[PDB]
Amino acid sequence: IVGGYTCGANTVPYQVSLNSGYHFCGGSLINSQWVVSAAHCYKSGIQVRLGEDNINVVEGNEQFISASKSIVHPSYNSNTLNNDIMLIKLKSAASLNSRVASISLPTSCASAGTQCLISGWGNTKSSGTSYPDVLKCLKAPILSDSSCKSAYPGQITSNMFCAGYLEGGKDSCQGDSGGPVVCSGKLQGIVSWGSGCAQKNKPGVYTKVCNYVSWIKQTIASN
Ligand SMILES: NC(=[NH2+])c1ccc2[nH]c(-c3ccc[nH]c3=O)nc2c1
Ligand SMILES: [Ca+2]
Ligand SMILES: [Mg+2]
């Protein structure tokens, strides 16, 4: 996250870190047994780490649970990143408490102009590399589809939306992929892609979760 701030320990209780011997993507807890992340974060051998703040220090509130199965969306296209969403089932149910909680799925899609909270342990420099150990946060508004499409001609589908600042300076970045974009208490997006990080007229692109609620609900109830 570039131009964001330190969230504070466990203030984003639904945020998860996917680890395959190191942190490689974020995710969101939607109930005690399931996590939603981005399809491009798919890997074999994932351990889900809940209740994290510093990912390099065991501070006492973490739960490390292995995944039993991963399901990438049936229409995910790795070339365009259309339908960039995946579900991960935990081998054991997590224990929900004040530090580990799930986030609600949306009942409708959010309007352009709605402010959201984006979080993750990704790179904090637009030009350079600095990976934080504690969770970073960024409040950013959903942008109009017209500004999103003018920034990325022929690359935005109806399953994506842009959020951020066209001026640049504030954005999600590599390492944040798969993490949550929460607006008005609902999970509305997943960090998917962008052009570099915090560049002018290159906002971040997020998977539009309101278009996948029926698929998520049906898939978790049958697995
Ligand atoms: N500007 C953004 N909002 C953004 C977000 C996630 C990204 N993830 C990546 C990325 C780069 C290289 C390899 N893997 C990634 O996920 N670039 C990204 C850019
Ligand atoms: Ca930790
Ligand atoms: Mg994240």
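Ligands are counted one by one from 1 in listed order, and the atoms in each one are counted from 1 as well. These values consider heavy atoms only, across backbone and side chains, with no hydrogens, waters or symmetry-generated copies. Start at 1 with the first residue, then count along the sequence.
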Considering both backbone and side-chain atoms of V191, is one of its nitrogen or oxygen atoms within less than 3.5 Å of a nitrogen or oxygen in ligand 1? no
Please indicate whether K91 has more than 12 foreign heavy atoms, meaning atoms of other residues, nucleotides or ligands, lying under 6.0 Å from its NZ. no
Report the distance from atom CD1 of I88 to atom CH2 of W34, rounding to the nearest 0.5 Å. 9.5 Å
For ligand 1, which atoms sit closer than 4.0 Å to a heavy atom of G204? 3 (N)
Here the N/O/S atom of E62 closest to the Ca ion (ligand 2) would be OE2
Can you tell me the protein heavy atom closest to atom 19 (C) of ligand 1 and the distance? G196 O, 3.5 Å
Record the part of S172 in heavy-atom contact with ligand 1 below 4.0 Å; permitted values are side chain, backbone, both and neither. both
Which heavy atom of the protein is the closest neighbour of atom 15 (C) of ligand 1, given with residue, atom name and distance? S177 OG, 4.1 Å
Would you mind telling me if ligand 1 is within reach of the side chain of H40, the backbone, both or neither, using heavy atoms under 4.0 Å? side chain
Heavy-atom nearest neighbour of atom 9 (C) of ligand 1 within options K202, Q174, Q199: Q174
Does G51 put an N, O or S atom under 3.0 Å from the Ca ion (ligand 2)? no
Flag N56 as yes if one of its N/O/S atoms falls below 3.0 Å of the Ca ion (ligand 2), otherwise no. no
Distance only, no hydrogens: is a donor on one side chain within 3.5 Å (strictly under) of an acceptor on the other, for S147 and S144? yes
A quick test of your reading: do over 12 heavy atoms of other residues, nucleotides or ligands sit less than 6.0 Å from CZ of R49? yes
With a 4.0 Å cut-off on heavy atoms, does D171 reach ligand 1? yes
Ignoring hydrogens and geometry beyond distance, is a side-chain donor-acceptor pair present between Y212 and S214 at under 3.5 Å? no
Does the structure place the NZ or CZ of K208 under 6.0 Å from the centre of the six-membered ring of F161, at an angle of no more than 45° from the ring's axis? no
Among the N/O/S atoms of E52, which is closest to the Ca ion (ligand 2)? Give the atom name. OE1
Can you see whether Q15 engages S119 through a side-chain donor-acceptor pair at a distance of less than 3.5 angstrom? yes
Given the rule in the side-chain contact (heavy atoms from CB on, under 4.5 Å) test, do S172 and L138 qualify, once you have shown the distances and angles that lead to the verdict? CA-CA 8 Å; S172 49; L138 171 70; 5.8 Å; no
Residues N82 and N159: side-chain donor-acceptor under 3.5 angstrom: yes
Do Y206 and ligand 1 have an N or O pair less than 3.5 Å apart? no
Neighbour count >12 (heavy atoms, 6.0 Å) for atom CZ, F24: yes
Considering only heavy atoms of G194, which atoms of ligand 1 have at least one such atom less than 4.0 Å away? 1 (N), 2 (C), 4 (C), 19 (C)
Round to 10° and report the angle made at the Ca ion (ligand 2) by O of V57 and O of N54. 90°
